[PDB]
Amino acid sequence: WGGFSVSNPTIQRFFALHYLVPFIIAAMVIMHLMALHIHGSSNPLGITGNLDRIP
Amino acid sequence: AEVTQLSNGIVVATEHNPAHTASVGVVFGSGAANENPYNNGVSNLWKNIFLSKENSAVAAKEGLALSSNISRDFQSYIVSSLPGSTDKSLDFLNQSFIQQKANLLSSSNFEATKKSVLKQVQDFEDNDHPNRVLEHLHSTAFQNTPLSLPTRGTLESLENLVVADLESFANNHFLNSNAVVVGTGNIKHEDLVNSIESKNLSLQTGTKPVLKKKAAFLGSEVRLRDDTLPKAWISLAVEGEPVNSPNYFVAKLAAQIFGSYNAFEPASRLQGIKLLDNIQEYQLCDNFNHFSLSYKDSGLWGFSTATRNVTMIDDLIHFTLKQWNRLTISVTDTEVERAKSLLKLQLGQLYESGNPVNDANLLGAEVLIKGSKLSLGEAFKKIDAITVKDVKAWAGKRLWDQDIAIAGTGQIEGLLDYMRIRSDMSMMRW
Ligand code: HEM
């Protein structure tokens, strides 16, 4: 809170934090796509996709 | 350099030059393009009994040599003599195509020949991957249409073929109005045409063949993936030119611009071909060769290639098709000029080899379609007259944003989808 209750300190730091975290989410999305890339997508049959890929 | 063709009751065509031997043969205006899906391989079978041990020994006693060739538009049966025996070749032709054309089809001869074209066509499919691929190219490019039938026939139409199928075909296509008798070597026109008008007897004159439905190009692909083969072999083409197209020579020249290549021949790596700068850096292939195949109704313009670089097939295809894009937009004077000179050289080496059996096949096929042969010197006049503007107008019609046909076998996992290949038939512009 930065004090006794939810007040000015609170809302000013919550804006600053609201601006920051979207960029951390962006970095986590890149890490998400990195792990996706080494194994590729799955498919609705649940079996290997290796025998028939298209770009 | 001669072209003497005159029609008596039959049509007789000759081209004589003092060489050594003489070749005589009949060339019929019907080939594998005239067969069905179901009697496919009947012409190849005809060829193979004509060269059977029985018929071939009867010719070798007389000192005669036998040769035959099955194509798409036509078909040829040829005997080579030693040039004074130009009469004893015509004896063997008629003793076969009137007398023995009921004795060649004996039960034991047919079964031993059918067994030999079966081991023959099977061996082809098992091992000859470049021609196998090129044959399947015609198959998909011209599907459900006369040009799609392979010349050797298929294993399944072959093993179900009987003596009556040979007969029915021979009775519909080995006619007089579908024939030309051809003589090459050194023998005169009047030396042969008199030995022909010596004996009369027409045999089935007045009978026409059977008409059909016209050949058409369909953009498509057949992919014969086989991961156990050590290479990938691919062929790729657009609809090219029929013989007796105005652009017959423009097409052939365009193919010479990109030419053919062999990575292991030092000289080949040095040719004046811009594509070679791209493909040699990572060695994108062992070989390629461009072609302009022309038939009666249609043709194929494209290239074939073989490669062990199985993870970069997409760069092979991409660089090759970017080069072809250039023909519409940026091909240079000196590329055209280089192609003229090399087209002449190769067209020369074809039309004037020291082998009359090739001369007969080239003469025969030509006169069957246009009723005459264009002389080598007449071709050079046409070749020299081609401008950059001609090639561009041709490519803009045949190459630019046009459908393609693809075939391949071996390790072709890296050959991308159709639409990716097809998108490269042009470029983005403002
Ligand atoms: C901002 C959030 C996210 C982004 C931009 C994102 C993006 C992607 C992309 C582009 C794919 C491939 C295409 C697809 O399958 O839809 C993917 C796959 C996948 N994602 Fe996400 N993702 C996000 C959040 C999540 C969350 C919240 C979960 C699970 C708790 C998740 C689980 C997965 C899984 C398991 C796959 C693989 C699916 C498969 O191939 O069967 N993702 N994601």
Side-chain angles (χ1 to χ4, degrees), chain A residues 52-55, chain B residues 133-134 136-138 140-141 217-225 231-241 250-251 253-261 263 273-293 299-332 335 339 391-430:
Chain A
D52 194 46
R53 327 289 287 208
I54 51 183
Chain B
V133 161
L134 185 70
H136 276 97
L137 215 237
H138 287 97
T140 189
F217 183 90
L218 183 74
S220 60
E221 57 179 31
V222 51
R223 287 153 107 99
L224 304 133
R225 223 233 245 207
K231 296 193 196 197
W233 290 265
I234 105 110
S235 293
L236 196 158
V238 299
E239 188 179 20
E241 302 295 354
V250 183
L253 183 148
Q256 192 66 228
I257 295 190
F258 308 113
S260 81
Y261 167 80
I273 300 165
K274 286 188 193 313
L275 174 58
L276 291 192
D277 294 333
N278 298 141
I279 78 95
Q280 293 202 89
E281 194 174 7
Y282 289 86
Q283 207 47 81
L284 268 34
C285 75
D286 287 350
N287 48 263
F288 64 81
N289 53 289
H290 299 244
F291 43 79
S292 188
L293 270 22
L300 295 174
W301 192 101
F303 90 129
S304 301
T305 175
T307 180
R308 283 131 60 242
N309 196 159
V310 294
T311 59
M312 297 185 78
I313 293 171
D314 59 297
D315 291 315
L316 211 203
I317 306 307
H318 171 68
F319 285 138
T320 296
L321 265 51
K322 286 305 108 174
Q323 281 307 142
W324 293 9
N325 288 156
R326 295 184 57 247
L327 290 198
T328 300
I329 64 162
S330 77
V331 60
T332 66
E335 278 169 303
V391 175
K392 280 192 191 183
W394 177 77
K397 222 61 179 64
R398 244 66 157 121
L399 241 17
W400 189 271
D401 197 19
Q402 292 302 316
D403 272 342
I404 56 191
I406 307 175
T409 186
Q411 290 178 243
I412 54 173
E413 181 184 83
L415 176 74
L416 261 31
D417 58 291
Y418 187 84
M419 278 309 254
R420 260 287 193 97
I421 316 293
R422 164 74 225 256
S423 293
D424 262 346
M425 292 311 274
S426 62
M427 299 177 91
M428 300 287 286
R429 299 204 278 219
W430 194 272

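Side chains are part of it too, since the values below use all heavy atoms of this structure and drop only hydrogens, waters and symmetry mates. Chain naming here is simple, since letters A, B, ... match the order of the sequence lines and numbering starts at 1 in each.
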A.B. asks: Taking it one step at a time, do B/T328 and B/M425 satisfy side chain to side chain contact (heavy atoms under 4.5 Å, CB included)?
C.D. replies: CA-CA 11 Å; B/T328 300; B/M425 292 311 274; over 6 Å; no
A.B. asks: Say you draw a straight line from CD1 of B/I257 to NZ of B/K274; how long is it, rounded to the nearest 0.5 Å?
C.D. replies: 11.0 Å
A.B. asks: Sorted by first residue and then second, give each salt bridge (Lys or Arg N to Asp or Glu O under 4.0 Å) pair with at least one member in residues 418-430 of chain B; sequence neighbours left out.
C.D. replies: B/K322-B/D424, B/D401-B/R422, B/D403-B/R422
A.B. asks: Would you indicate whether the side-chain heavy atoms of B/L316 and B/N309 approach each other to under 4.5 Å?
C.D. replies: no
A.B. asks: Where is the tightest heavy-atom contact between B/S304 and B/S235, given as atom of each residue plus distance?
C.D. replies: OG-OG, 2.7 Å
A.B. asks: More than 12 non-hydrogen atoms from neighbouring residues, nucleotides or ligands closer than 6.0 Å to CG on A/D52, yes or no?
C.D. replies: no
A.B. asks: How long is the gap from CG on B/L415 to CZ on B/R225, to the nearest 0.5 Å?
C.D. replies: 10.5 Å
A.B. asks: CZ of B/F291 to CG of B/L134: how many Å apart, nearest 0.5 Å?
C.D. replies: 5.5 Å
A.B. asks: Specify the closest pair of heavy atoms between B/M427 and B/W400, including all atoms of both residues, with the distance to one decimal.
C.D. replies: N-CH2, 3.5 Å
A.B. asks: Would you indicate whether the side-chain heavy atoms of B/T305 and B/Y261 approach each other to under 4.5 Å?
C.D. replies: no
A.B. asks: Quick check for you: to the nearest 0.5 Å, what is the distance between B/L416 atom CG and B/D314 atom CG?
C.D. replies: 5.5 Å
A.B. asks: When you measure from the side chain of B/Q283 to the backbone N and O of B/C285, does any donor-acceptor pair fall under 3.5 Å?
C.D. replies: yes
A.B. asks: I'd like to know if the side chain of B/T409 reaches the main chain of B/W233, judged simply by a donor and an acceptor atom lying under 3.5 Å from each other, with no hydrogens or angles considered.
C.D. replies: no
A.B. asks: Could you tell me which non-hydrogen atom of B/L327 sits nearest to which non-hydrogen atom of B/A395, and how far apart they are?
C.D. replies: CB-CB, 3.5 Å
A.B. asks: Given B/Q323 and B/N278, is the side chain to side chain contact (heavy atoms under 4.5 Å, CB included) satisfied, shown in steps?
C.D. replies: CA-CA 10 Å; B/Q323 281 307 142; B/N278 298 141; 4.0 Å; yes
A.B. asks: If you count the non-hydrogen atoms of other residues, nucleotides and ligands that lie under 6.0 Å from CD in B/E413, is the total more than 12?
C.D. replies: no
A.B. asks: Taking all non-hydrogen atoms of both residues into account, name the closest pair between B/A255 and B/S292 and its distance.
C.D. replies: CB-N, 4.2 Å
A.B. asks: Which heavy atom of B/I412 sits nearest a heavy atom of B/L224, and at what distance?
C.D. replies: CD1-N, 4.0 Å
A.B. asks: Hey, are the side chains of B/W324 and B/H290 touching, using non-hydrogen atoms and a 4.5 Å cut-off?
C.D. replies: yes
A.B. asks: For residues B/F303 and B/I317, determine if any side-chain heavy atom of one lies less than 4.5 Å from a side-chain heavy atom of the other.
C.D. replies: yes
A.B. asks: As a quick check of understanding, evaluate side chain to side chain contact (heavy atoms under 4.5 Å, CB included) for B/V133 and B/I234, giving each step before the final call.
C.D. replies: CA-CA 7 Å; B/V133 161; B/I234 105 110; 5.6 Å; no
A.B. asks: Under 4.5 Å between any side-chain heavy atoms of B/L293 and B/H138, yes or no?
C.D. replies: yes
A.B. asks: Do B/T320 and B/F258 come close enough that some side-chain heavy atom pair is under 4.5 Å?
C.D. replies: no
A.B. asks: Contact between B/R398 and B/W301 at the side-chain level, heavy atoms closer than 4.5 Å - yes or no?
C.D. replies: no
A.B. asks: Assess whether a salt bridge exists between B/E335 and B/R326, defined as any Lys/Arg side-chain N lying under 4.0 Å from an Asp/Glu carboxylate O.
C.D. replies: yes
A.B. asks: If every non-hydrogen atom of B/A237 is compared with every non-hydrogen atom of B/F217, which pair is closest and at what distance?
C.D. replies: O-CZ, 3.8 Å
A.B. asks: What I'd like to find out is whether the side chain of B/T307 reaches to under 4.5 Å of the side chain of B/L284, using heavy atoms alone.
C.D. replies: no
